[PDB]
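Undergrad: Have a look at this one.
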2 protein chains.
Amino acid sequence: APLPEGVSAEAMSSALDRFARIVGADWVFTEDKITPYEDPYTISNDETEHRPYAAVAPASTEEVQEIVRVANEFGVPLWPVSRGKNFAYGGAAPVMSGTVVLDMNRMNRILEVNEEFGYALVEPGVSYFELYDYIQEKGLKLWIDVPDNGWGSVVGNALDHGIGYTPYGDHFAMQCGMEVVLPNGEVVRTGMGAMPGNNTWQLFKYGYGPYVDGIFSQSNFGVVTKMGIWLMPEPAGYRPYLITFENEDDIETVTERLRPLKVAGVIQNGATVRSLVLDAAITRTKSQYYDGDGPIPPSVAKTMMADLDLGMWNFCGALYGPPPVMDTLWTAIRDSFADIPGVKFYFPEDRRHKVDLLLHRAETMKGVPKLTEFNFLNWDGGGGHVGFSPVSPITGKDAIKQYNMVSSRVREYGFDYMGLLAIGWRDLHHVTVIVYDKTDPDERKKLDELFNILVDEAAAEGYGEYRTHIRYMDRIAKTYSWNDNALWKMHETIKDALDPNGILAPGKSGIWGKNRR
Amino acid sequence: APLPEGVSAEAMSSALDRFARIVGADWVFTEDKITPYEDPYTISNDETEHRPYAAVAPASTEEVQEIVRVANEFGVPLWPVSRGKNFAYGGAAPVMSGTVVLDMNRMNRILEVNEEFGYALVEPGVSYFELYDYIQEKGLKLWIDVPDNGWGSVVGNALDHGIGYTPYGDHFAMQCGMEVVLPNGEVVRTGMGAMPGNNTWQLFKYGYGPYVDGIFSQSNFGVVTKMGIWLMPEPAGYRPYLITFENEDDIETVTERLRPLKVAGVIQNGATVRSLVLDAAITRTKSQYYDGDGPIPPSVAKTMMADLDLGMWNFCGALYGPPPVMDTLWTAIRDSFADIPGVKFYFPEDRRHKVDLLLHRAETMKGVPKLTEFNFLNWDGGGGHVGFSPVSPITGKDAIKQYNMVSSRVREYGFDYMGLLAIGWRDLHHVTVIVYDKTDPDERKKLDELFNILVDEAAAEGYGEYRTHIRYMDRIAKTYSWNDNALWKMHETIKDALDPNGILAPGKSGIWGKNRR
Ligand SMILES: Cc1cc2nc3c(=O)[nH]c(=O)nc-3n(C[C@H](O)[C@H](O)[C@H](O)COP(=O)(O)OP(=O)(O)OC[C@H]3O[C@@H](n4cnc5c(N)ncnc54)[C@H](O)[C@@H]3O)c2cc1C
Ligand SMILES: Cc1cc2nc3c(=O)[nH]c(=O)nc-3n(C[C@H](O)[C@H](O)[C@H](O)COP(=O)(O)OP(=O)(O)OC[C@H]3O[C@@H](n4cnc5c(N)ncnc54)[C@H](O)[C@@H]3O)c2cc1C
Ligand SMILES: [Cl-]
Ligand SMILES: [Cl-]
Ligand SMILES: [Cl-]
Ligand SMILES: [Cl-]
Ligand SMILES: [Cl-]
Ligand SMILES: [Cl-]
């Protein structure tokens, strides 16, 4: 780990000393204890890149504030993580080496769960597992909404615009109220929490005046120390389904049919249409169907589909509510797809495998945290992953163009194509997942190169990334370049106003601050 | 109209001159032509307050930018309005006298309406009437969501956190993408619009990085020149209803029953439970039931209820979707209230009056713009109104405490109590509307005083205002005072960074800028 540029050993040493006084000497980590904070899915081949210098683990908001005041005095940068499980995005590691990680794992109090109003107020350390377990224990009739990684932070995930698979799938949309330590060490509360004596912090997003909560998501404009989130009341009924399509070209008409269903909200959760290999790899690995080094051939695809009762495309969704509602919505959904040759429709009871994609996703779509999804990392013997999830119109043409662009490249590079088409509400994402051997330098180099080209080519077709790995944060920022990067010039203006010393997470979302820019 | 403090006649004159060059001499207004921009509902008795000095009406974004550059050179403040129909909030008038109004009425292009994706991209001048009429003409299967004032701006209303009465009732929540002229004259686009070549500006809110759209709502951080908004697909069915309650104390149990219905979204639009007089005054005036100068007595309330088939509380709501869905949801809603003594349930066909509250609200709850609501201003012979709409928990106790606090004061002051309980999703608002004779100085003084006391007393019970009249913008801002006004210190930090010369709308949301603070 290099020192961060511009920062002396005397400075970094005096700071680490004062941090230790603030949080106690037990909660300042260095040297050997810093490896948990390295990116678990190494992309770079240069070991001077994305290296944390140290980590400090405060117990409270006020300790966070003192840390930040100290960081300001010594010019030492901080990289805040809630729990730091941002796997595929860098884990807990900074964009910039020398950055001291601010690990808020120990701030894990569930401050409130309110059944009657359907919310929680949580600290950054609270995991999905913990919140879920708290709810189950108290018997509250509330669902949470989990990403495929159950170990993540409710806070951290939402601040990064993460998603899940219930009607409450847009995590940051369900955010309501936050406490923030600003980069100068001042503490503020957004919304109704700015009003002393309110009982409305988790009931009404705006409060009064400029709506600023969003500026602390995908941002280095502050450290979030408390955050509210809305929780769905247990519904009166729940039916998960899987609809399979046999032909790779079906995704065009499938996307066309999904469009009105999503816009009108007939489909109540995110639509996910996953490619064969991405779904297969939940229950199977490559060597069980194909011994070659290259991607699987069509004949092997067909075998896999026949074994697993999957298609080339697999649409998982769920119905929620009283049976009459669920039946009516299902009529509309099923009728939208029934005339496509080869289509098949499944509820859980129709699956003949007891370990099965639908049975797994059934849990995720009712907000049960699991680690099952990490299975796809075993596809080629064990590896890391990176994901590329640009936004596009919900159009057949856009869906199949991205499929064609991505699969051809990915397969040319020797990887299997693992993709899905995700629809939030009016937004389509073609999500590429590439599993690679992160221990092999030749494979990292190929991945890095493939990734860049995918990004470049997608951007030119008008498809921009909304969430990315620490390594590509600058690159993605350059996508949004209208009027000579006018938006990022504004971000930098706010950055310098709130963080003149540039001590919060230099490089996050490609925002640097005047000192490093 | 006084000059704005700190600004010379030479400066104000050179600026008005350069504005005229930018937009043409026809589109700079002064003296007599400035009266349309006065508050129509005068509250102040001091005619030096909230007076606009001049108004300038650009044709384009780029003209806006040149105006702003000129404003910066001469230190002349601007007050931007989309259409300036903010009736009950000041209309088009500035907080601070001497402020030149930036009227964007002529920027009224509907840039796009997309049926397949359910959105519009509009300029600030577009009215609800215009957008509605455009849709009807083209035969697009889309609803809009209108406030009770149909003459408002789709943009302006949303930026002020305005509301309506369909499922798309939270206007700023449905906002997606905006173009903004910053206070330095630079132009930026938020979200996917920052990415050149996107077709996704109105499909995905976030883009990448800090989510900043909200900072330009209830704000003087920029001028919005284009804005996207999501539009609901025409639903498969629509049944509006009215549920009446006979007793003033029923609102307690009514609010308790509404809570789970709203949180779970069984009620698909905003719930509005309006008091007798507020609903009566849509079709009747006071002198038709009572000749006294004071508020109506109970005996007269009873007569009105029996004439109009209204209760002391009137819950308007609507069902949306296929009949099976609507029936199922109605079963849950009706069962939630059926056991309350005196309760009555109406669909349109059950109303015996052809001019009737439900028949009016039926239109509003399917997004048809109307001016009918302004009828309540005739309650006591013709007047203005002001509204007070603080947030509270959805609780019977909170509902009836606010009813008791407000009605007693309002009636003591000689006004009739006109109130409603509004529920967005998890948020209750007790909304006080007070109709007053705006031409009478004694009545203005009483109103102003009543308003202050209501605000003070509500704040102490933990109920804070989310939207207010230009006159009370500072006052409401002081509500949100946690940690020595930490939030507003942050607002002011951003204000000085984006607007160092303080030329955009000094005082909006009680944000002033370093020059005037
Ligand atoms: C197999 C697999 C499946 C995945 N599935 C999903 C999925 O379905 N949905 C999804 O959203 N993601 C998914 N991910 C990505 C990721 O693992 C999750 O999003 C995870 O929840 C994020 O980590 P975290 O919650 O611990 O957040 P953190 O790592 O704590 O935070 C993420 C980032 O947010 C910022 N941040 C966090 N806390 C603060 C704070 N208090 N103040 C300021 N900034 C802060 C920082 O930039 C930080 O680096 C997946 C990854 C893998 C490998
Ligand atoms: C009887 C009655 C009923 C009402 N019912 C409702 C209702 O149901 N729902 C509701 O929401 N309101 C309601 N109102 C309040 C108000 O009339 C409406 O909200 C109206 O739609 C707002 O005016 P406008 O749309 O022309 O916005 P504008 O007056 O153009 O804008 C409002 C404010 O937003 C800011 N602003 C506007 N445009 C920009 C921009 N481009 N850049 C920067 N800042 C900008 C300014 O501060 C401006 O003063 C009601 C009022 C009355 C008297
Ligand atoms: Cl969704
Ligand atoms: Cl084996
Ligand atoms: Cl079913
Ligand atoms: Cl709503
Ligand atoms: Cl008459
Ligand atoms: Cl019905």
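Identifiers in the structure tokens: chain A, B, ... in order shown; residue index from 1 per chain; ligand index from 1 in order shown.
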Near chain B, meaning an atom within 7 Å, which residues of chain A appear when counting only C-alpha atoms? Write them as a PyMOL selection string.
TA: chain A and resi 117-118+188-189+194-200+203-204+207-212+214-219+233+263-264+324-325+328+392-393+426-427+462-463+465-467+479-482+486-487+493-494+497+509
Undergrad: Selected residues, C-alpha atoms, written as a PDB file, in the first residue's frame, please.
TA:
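The resulting selection.pdb:
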ATOM      1  CA  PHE A 117     -46.082   2.357   9.134  1.00  0.00           C
ATOM      2  CA  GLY A 118     -43.931  -0.241   7.318  1.00  0.00           C
ATOM      3  CA  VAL A 188     -27.297  17.080   9.313  1.00  0.00           C
ATOM      4  CA  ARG A 189     -30.599  15.294   9.010  1.00  0.00           C
ATOM      5  CA  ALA A 194     -34.396  18.258  10.339  1.00  0.00           C
ATOM      6  CA  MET A 195     -37.462  19.167  12.368  1.00  0.00           C
ATOM      7  CA  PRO A 196     -36.912  18.437  16.118  1.00  0.00           C
ATOM      8  CA  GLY A 197     -39.762  16.479  17.735  1.00  0.00           C
ATOM      9  CA  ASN A 198     -41.043  14.922  14.453  1.00  0.00           C
ATOM     10  CA  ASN A 199     -42.369  11.370  14.282  1.00  0.00           C
ATOM     11  CA  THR A 200     -42.358  11.605  10.490  1.00  0.00           C
ATOM     12  CA  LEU A 203     -43.020   8.777   6.572  1.00  0.00           C
ATOM     13  CA  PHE A 204     -42.380  11.650   4.183  1.00  0.00           C
ATOM     14  CA  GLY A 207     -39.450  17.626   4.293  1.00  0.00           C
ATOM     15  CA  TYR A 208     -39.315  21.221   2.983  1.00  0.00           C
ATOM     16  CA  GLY A 209     -36.960  22.986   0.585  1.00  0.00           C
ATOM     17  CA  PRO A 210     -34.389  21.399  -1.774  1.00  0.00           C
ATOM     18  CA  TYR A 211     -34.576  17.617  -1.846  1.00  0.00           C
ATOM     19  CA  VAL A 212     -30.979  16.623  -1.105  1.00  0.00           C
ATOM     20  CA  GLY A 214     -30.072  11.884  -3.521  1.00  0.00           C
ATOM     21  CA  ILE A 215     -26.840  13.895  -3.466  1.00  0.00           C
ATOM     22  CA  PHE A 216     -25.485  11.411  -0.860  1.00  0.00           C
ATOM     23  CA  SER A 217     -26.161   8.382  -3.077  1.00  0.00           C
ATOM     24  CA  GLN A 218     -23.323   7.270  -5.404  1.00  0.00           C
ATOM     25  CA  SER A 219     -21.417  10.144  -3.857  1.00  0.00           C
ATOM     26  CA  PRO A 233     -46.456  -5.094   4.396  1.00  0.00           C
ATOM     27  CA  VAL A 263     -45.208   0.433 -17.726  1.00  0.00           C
ATOM     28  CA  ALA A 264     -48.742  -0.213 -16.433  1.00  0.00           C
ATOM     29  CA  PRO A 324     -58.482 -12.603  -7.424  1.00  0.00           C
ATOM     30  CA  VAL A 325     -55.855  -9.876  -8.076  1.00  0.00           C
ATOM     31  CA  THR A 328     -56.389 -11.383 -13.056  1.00  0.00           C
ATOM     32  CA  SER A 392     -31.835   1.238 -22.642  1.00  0.00           C
ATOM     33  CA  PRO A 393     -35.458   1.656 -23.874  1.00  0.00           C
ATOM     34  CA  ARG A 426     -39.793   2.018 -17.741  1.00  0.00           C
ATOM     35  CA  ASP A 427     -36.097   1.073 -17.874  1.00  0.00           C
ATOM     36  CA  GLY A 462     -26.804   5.264 -26.466  1.00  0.00           C
ATOM     37  CA  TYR A 463     -26.667   2.840 -23.497  1.00  0.00           C
ATOM     38  CA  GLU A 465     -24.051   2.452 -17.139  1.00  0.00           C
ATOM     39  CA  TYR A 466     -25.745   3.403 -13.862  1.00  0.00           C
ATOM     40  CA  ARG A 467     -23.578   1.453 -11.380  1.00  0.00           C
ATOM     41  CA  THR A 479     -20.113   8.616 -20.542  1.00  0.00           C
ATOM     42  CA  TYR A 480     -22.238  11.484 -19.214  1.00  0.00           C
ATOM     43  CA  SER A 481     -20.329  14.134 -21.128  1.00  0.00           C
ATOM     44  CA  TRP A 482     -23.077  16.328 -22.620  1.00  0.00           C
ATOM     45  CA  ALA A 486     -21.347  20.041 -17.629  1.00  0.00           C
ATOM     46  CA  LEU A 487     -22.953  17.720 -15.069  1.00  0.00           C
ATOM     47  CA  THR A 493     -18.512  22.583  -7.711  1.00  0.00           C
ATOM     48  CA  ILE A 494     -20.611  20.969  -4.942  1.00  0.00           C
ATOM     49  CA  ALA A 497     -18.057  23.550  -1.456  1.00  0.00           C
ATOM     50  CA  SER A 509     -18.281   8.264  -9.164  1.00  0.00           C
TER      51      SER A 509
END
Undergrad: Name the residues, by chain letter and number, that sit within 10 Å of ligand 6 using only C-alpha atoms and all ligand atoms, and give them as number ranges by chain.
TA: B: 163-171, 262-263, 265, 267-271, 423-426
Undergrad: Write the residues of the preceding selection, restricted to N, CA and C atoms, as a JSON list (two decimals), in the first residue's frame.
TA:
[["chain", "number", "residue", "atom", "x", "y", "z"],
["B", 163, "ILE", "N", -49.18, 18.14, -5.72],
["B", 163, "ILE", "CA", -49.84, 16.85, -5.68],
["B", 163, "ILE", "C", -51.11, 16.89, -6.53],
["B", 164, "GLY", "N", -51.60, 15.68, -6.83],
["B", 164, "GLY", "CA", -52.90, 15.49, -7.43],
["B", 164, "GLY", "C", -53.55, 14.24, -6.85],
["B", 165, "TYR", "N", -54.45, 13.64, -7.62],
["B", 165, "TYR", "CA", -55.47, 12.78, -7.06],
["B", 165, "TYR", "C", -55.59, 11.49, -7.84],
["B", 166, "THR", "N", -54.59, 11.19, -8.69],
["B", 166, "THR", "CA", -54.50, 9.86, -9.27],
["B", 166, "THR", "C", -53.38, 9.08, -8.58],
["B", 167, "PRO", "N", -53.15, 7.81, -8.97],
["B", 167, "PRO", "CA", -52.01, 7.05, -8.47],
["B", 167, "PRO", "C", -50.69, 7.77, -8.72],
["B", 168, "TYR", "N", -50.68, 8.68, -9.73],
["B", 168, "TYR", "CA", -49.50, 9.45, -10.04],
["B", 168, "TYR", "C", -49.53, 10.80, -9.32],
["B", 169, "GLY", "N", -50.12, 10.84, -8.12],
["B", 169, "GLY", "CA", -50.39, 12.07, -7.37],
["B", 169, "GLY", "C", -49.18, 12.84, -6.84],
["B", 170, "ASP", "N", -48.05, 12.17, -6.58],
["B", 170, "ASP", "CA", -46.84, 12.85, -6.13],
["B", 170, "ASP", "C", -46.06, 13.29, -7.36],
["B", 171, "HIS", "N", -46.30, 14.54, -7.78],
["B", 171, "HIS", "CA", -45.83, 15.01, -9.06],
["B", 171, "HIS", "C", -44.31, 14.93, -9.17],
["B", 262, "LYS", "N", -53.62, 2.44, 3.16],
["B", 262, "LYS", "CA", -52.71, 3.28, 2.41],
["B", 262, "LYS", "C", -51.31, 2.66, 2.36],
["B", 263, "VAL", "N", -50.81, 2.18, 3.50],
["B", 263, "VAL", "CA", -49.44, 1.67, 3.56],
["B", 263, "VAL", "C", -49.30, 0.51, 2.57],
["B", 265, "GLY", "N", -51.17, 0.06, -0.03],
["B", 265, "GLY", "CA", -51.55, 0.49, -1.37],
["B", 265, "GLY", "C", -52.86, -0.15, -1.85],
["B", 267, "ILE", "N", -55.70, 1.29, -1.34],
["B", 267, "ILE", "CA", -56.17, 2.54, -1.90],
["B", 267, "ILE", "C", -55.08, 3.05, -2.83],
["B", 268, "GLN", "N", -55.41, 3.19, -4.11],
["B", 268, "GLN", "CA", -54.41, 3.35, -5.15],
["B", 268, "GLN", "C", -54.04, 4.81, -5.37],
["B", 269, "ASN", "N", -54.88, 5.74, -4.92],
["B", 269, "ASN", "CA", -54.59, 7.16, -5.09],
["B", 269, "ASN", "C", -54.46, 7.79, -3.71],
["B", 270, "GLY", "N", -54.22, 9.11, -3.66],
["B", 270, "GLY", "CA", -54.25, 9.82, -2.40],
["B", 270, "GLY", "C", -55.63, 9.65, -1.75],
["B", 271, "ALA", "N", -55.67, 9.42, -0.44],
["B", 271, "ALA", "CA", -56.91, 9.52, 0.31],
["B", 271, "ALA", "C", -57.11, 10.97, 0.73],
["B", 423, "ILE", "N", -53.82, 11.61, 2.79],
["B", 423, "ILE", "CA", -52.76, 10.62, 2.94],
["B", 423, "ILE", "C", -52.15, 10.32, 1.58],
["B", 424, "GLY", "N", -50.84, 10.61, 1.43],
["B", 424, "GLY", "CA", -50.06, 10.30, 0.23],
["B", 424, "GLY", "C", -49.80, 8.80, 0.12],
["B", 425, "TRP", "N", -49.00, 8.27, 1.06],
["B", 425, "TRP", "CA", -48.70, 6.84, 1.14],
["B", 425, "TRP", "C", -48.52, 6.45, 2.61],
["B", 426, "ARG", "N", -47.49, 6.99, 3.26],
["B", 426, "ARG", "CA", -47.31, 6.77, 4.69],
["B", 426, "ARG", "C", -47.48, 8.08, 5.46]]
Undergrad: Would you list, as an MDAnalysis selection string, the residues of segment 268-498 of chain A that end up in strand (DSSP E or B) under DSSP run on this structure's backbone?
TA: chainID A and resid 271:275 313:320 344:346 384:388 391:393 418:423 427:436 464
Undergrad: Got a sec to tell me which of segment 113-297 of chain A DSSP assigns to helix (DSSP H, G or I), as a ChimeraX atom specification?
TA: /A:128-138,154-159,172-174,191-194,213-216,250-263,276-280,286-288
Undergrad: Using only C-alpha atoms, find each residue in segment 217-336 of chain A having at least one atom no more than 9 Å away from segment 50-64 of chain A; report its shortest atom-to-atom pair and that distance in Å (one decimal), rows by chain then rising number, as a Markdown table.
TA:
| residue | atom | partner | partner_atom | distance |
| --- | --- | --- | --- | --- |
| A:223 | CA | A:64 | CA | 8.2 |
| A:224 | CA | A:61 | CA | 9.0 |
| A:225 | CA | A:61 | CA | 6.0 |
| A:226 | CA | A:61 | CA | 8.5 |
Undergrad: Please produce a file of the residues just selected, as a short mmCIF file (atom, residue, chain, number, x, y, z; two decimals), in the first residue's frame, where the atoms kept are N, CA and C atoms.
TA:
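Writing done, so here's result-v2.cif:
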data_model
loop_
_atom_site.label_atom_id
_atom_site.label_comp_id
_atom_site.auth_asym_id
_atom_site.auth_seq_id
_atom_site.Cartn_x
_atom_site.Cartn_y
_atom_site.Cartn_z
N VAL A 223 -20.89 11.22 4.70
CA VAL A 223 -20.99 9.88 5.23
C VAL A 223 -22.37 9.72 5.85
N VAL A 224 -23.14 8.74 5.37
CA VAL A 224 -24.45 8.46 5.91
C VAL A 224 -24.34 7.58 7.16
N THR A 225 -24.97 8.00 8.27
CA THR A 225 -24.79 7.32 9.55
C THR A 225 -26.08 6.69 10.06
N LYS A 226 -27.21 7.18 9.52
CA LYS A 226 -28.52 6.59 9.76
C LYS A 226 -29.35 6.78 8.49
#
Undergrad: Can you pull out every residue within 9 Å of residue 516 of chain B, counting only C-alpha atoms, but drop anything in the same chain fewer than 5 positions away, and send it as a ChimeraX atom specification?
TA: /B:5,502,506-507
Undergrad: Could you please extract the residues within 10 Å of ligand 7, counting only C-alpha atoms and all ligand atoms, and hand them back as JSON, numbers by chain?
TA: {"B": [284, 285, 287, 288]}
Undergrad: Next, dump the selected residues to file, keeping only N, CA and C atoms, as a PDB file, in the first residue's frame.
TA:
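Final file, again-v9.pdb:
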ATOM      1  N   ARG B 284     -72.159  25.251  -2.828  1.00  0.00           N
ATOM      2  CA  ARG B 284     -72.972  26.124  -1.990  1.00  0.00           C
ATOM      3  C   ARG B 284     -72.108  27.210  -1.360  1.00  0.00           C
ATOM      4  N   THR B 285     -72.755  28.266  -0.856  1.00  0.00           N
ATOM      5  CA  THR B 285     -72.090  29.357  -0.161  1.00  0.00           C
ATOM      6  C   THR B 285     -72.737  29.481   1.211  1.00  0.00           C
ATOM      7  N   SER B 287     -74.148  32.051   2.863  1.00  0.00           N
ATOM      8  CA  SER B 287     -75.369  32.830   2.956  1.00  0.00           C
ATOM      9  C   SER B 287     -76.585  32.018   2.513  1.00  0.00           C
ATOM     10  N   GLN B 288     -76.383  30.862   1.886  1.00  0.00           N
ATOM     11  CA  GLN B 288     -77.516  30.032   1.523  1.00  0.00           C
ATOM     12  C   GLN B 288     -77.971  29.155   2.689  1.00  0.00           C
TER      13      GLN B 288
END
Undergrad: Calculate how many Å separate atom CA of residue 370 of chain B from atom CA of residue 43 of chain B, rounding to one decimal.
TA: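 Straight-line distance from atom CA of residue 370 of chain B to atom CA of residue 43 of chain B works out to 25.7 Å.
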Undergrad: Please extract the residues at most 6 Å from ligand 2, counting only C-alpha atoms and all ligand atoms, and provide them as JSON, numbers by chain, using the chain letters and residue numbers of this document.
TA: {"B": [80, 81, 82, 83, 84, 85, 86, 87, 88, 92, 124, 147, 148, 149, 152, 153, 154, 156, 157, 159, 160, 162, 163, 164, 218, 222, 223, 224, 225, 373, 374]}
Undergrad: Generate a file of the selected residues that holds C-alpha atoms, formatted as a PDB file, in the first residue's frame.
TA:
ATOM      1  CA  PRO B  80     -38.313  32.325 -12.074  1.00  0.00           C
ATOM      2  CA  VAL B  81     -41.868  31.091 -12.584  1.00  0.00           C
ATOM      3  CA  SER B  82     -43.046  28.511 -15.098  1.00  0.00           C
ATOM      4  CA  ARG B  83     -46.540  29.944 -15.594  1.00  0.00           C
ATOM      5  CA  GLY B  84     -46.820  31.724 -12.243  1.00  0.00           C
ATOM      6  CA  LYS B  85     -50.258  30.373 -11.183  1.00  0.00           C
ATOM      7  CA  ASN B  86     -49.083  29.485  -7.636  1.00  0.00           C
ATOM      8  CA  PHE B  87     -52.397  30.739  -6.141  1.00  0.00           C
ATOM      9  CA  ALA B  88     -52.474  30.557  -2.293  1.00  0.00           C
ATOM     10  CA  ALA B  92     -45.978  34.814  -9.428  1.00  0.00           C
ATOM     11  CA  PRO B 124     -42.198  25.265 -18.128  1.00  0.00           C
ATOM     12  CA  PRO B 147     -53.843  19.616  -9.034  1.00  0.00           C
ATOM     13  CA  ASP B 148     -57.145  21.321  -8.237  1.00  0.00           C
ATOM     14  CA  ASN B 149     -55.769  24.294 -10.213  1.00  0.00           C
ATOM     15  CA  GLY B 152     -50.831  25.428 -13.291  1.00  0.00           C
ATOM     16  CA  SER B 153     -47.554  24.325 -14.916  1.00  0.00           C
ATOM     17  CA  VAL B 154     -46.731  20.610 -15.120  1.00  0.00           C
ATOM     18  CA  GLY B 156     -43.729  24.457 -11.846  1.00  0.00           C
ATOM     19  CA  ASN B 157     -46.190  22.462  -9.820  1.00  0.00           C
ATOM     20  CA  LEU B 159     -40.890  21.504  -8.656  1.00  0.00           C
ATOM     21  CA  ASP B 160     -42.898  22.830  -5.716  1.00  0.00           C
ATOM     22  CA  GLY B 162     -47.325  19.691  -5.699  1.00  0.00           C
ATOM     23  CA  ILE B 163     -49.842  16.852  -5.683  1.00  0.00           C
ATOM     24  CA  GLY B 164     -52.898  15.489  -7.427  1.00  0.00           C
ATOM     25  CA  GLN B 218     -38.373  24.014  -3.895  1.00  0.00           C
ATOM     26  CA  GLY B 222     -31.206  26.775 -10.867  1.00  0.00           C
ATOM     27  CA  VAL B 223     -33.824  27.500 -13.511  1.00  0.00           C
ATOM     28  CA  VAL B 224     -35.477  24.390 -14.950  1.00  0.00           C
ATOM     29  CA  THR B 225     -36.034  24.739 -18.721  1.00  0.00           C
ATOM     30  CA  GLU B 373     -62.281  23.713  -6.910  1.00  0.00           C
ATOM     31  CA  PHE B 374     -61.839  27.525  -6.798  1.00  0.00           C
TER      32      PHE B 374
END
Undergrad: Would you please work out which residue, of B:44, B:65, B:14, B:175, is nearest to residue 442 of chain B when using only C-alpha atoms?
TA: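 Looking at the shortest contact to residue 442 of chain B, the residue is B:44.
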Undergrad: Point out the residue among A:16, A:455, A:1, A:365 with the least atom-to-atom distance to ligand 1, counting only C-alpha atoms and all ligand atoms.
TA: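 Among the listed residues, A:365 lies closest to ligand 1.
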Undergrad: I need the residue nearest ligand 1 from this list: A:17, A:103, A:47, A:449. Use only C-alpha atoms and all ligand atoms for the distance.
TA: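 Of A:17, A:103, A:47, A:449, the one nearest ligand 1 is A:103, counting only C-alpha atoms and all ligand atoms.
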Undergrad: What separation in Å, quoted to one decimal, exists between atom 3 (C, counted along the ligand's line) of ligand 1 and atom CA of residue 371 of chain A?
TA: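 These two atoms are separated by 8.5 Å.
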Undergrad: Could you check the closest approach to ligand 4 for each of A:286, A:409, A:313, A:436 and tell me which residue wins, using only C-alpha atoms and all ligand atoms?
TA: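 For ligand 4, the nearest of the given residues is A:286.
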Undergrad: To one decimal place, how far is atom CA of residue 29 of chain A from atom CA of residue 505 of chain A in Å?
TA: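 Taking atom CA of residue 29 of chain A and atom CA of residue 505 of chain A, their separation equals 18.0 Å.
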Undergrad: Give me the residues within 10 Å of residue 350 of chain B as an mmCIF file with N, CA and C atoms, in the first residue's frame, counting only C-alpha atoms and dropping any in the same chain fewer than 5 places off.
TA:
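Saved the output as out.cif:
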data_model
loop_
_atom_site.group_PDB
_atom_site.id
_atom_site.type_symbol
_atom_site.label_atom_id
_atom_site.label_comp_id
_atom_site.auth_asym_id
_atom_site.auth_seq_id
_atom_site.Cartn_x
_atom_site.Cartn_y
_atom_site.Cartn_z
ATOM 1 N N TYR B 241 -65.381 6.799 -5.710
ATOM 2 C CA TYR B 241 -66.327 6.608 -4.627
ATOM 3 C C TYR B 241 -66.233 7.751 -3.621
ATOM 4 N N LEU B 242 -67.284 7.850 -2.807
ATOM 5 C CA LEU B 242 -67.340 8.760 -1.676
ATOM 6 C C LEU B 242 -67.873 7.988 -0.482
ATOM 7 N N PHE B 345 -71.883 4.838 1.845
ATOM 8 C CA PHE B 345 -70.983 4.548 0.742
ATOM 9 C C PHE B 345 -71.681 4.918 -0.557
ATOM 10 N N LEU B 358 -68.954 14.232 -5.456
ATOM 11 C CA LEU B 358 -68.339 13.033 -6.013
ATOM 12 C C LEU B 358 -68.190 13.183 -7.527
#
Undergrad: I'd like to know which of A:178, A:308, A:155, A:333 is closest to ligand 5, using only C-alpha atoms and all ligand atoms.
TA: A:333
Undergrad: Find the residue from B:36, B:177, B:240, B:75 that sits nearest to ligand 8; use only C-alpha atoms and all ligand atoms when measuring.
TA: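 Once distances to ligand 8 are computed over only C-alpha atoms and all ligand atoms, the minimum belongs to B:240.
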Undergrad: Counting only C-alpha atoms, what is within 8 Å of residue 109 of chain B, bar same-chain residues fewer than 2 positions away, as a count of residues only?
TA: 6
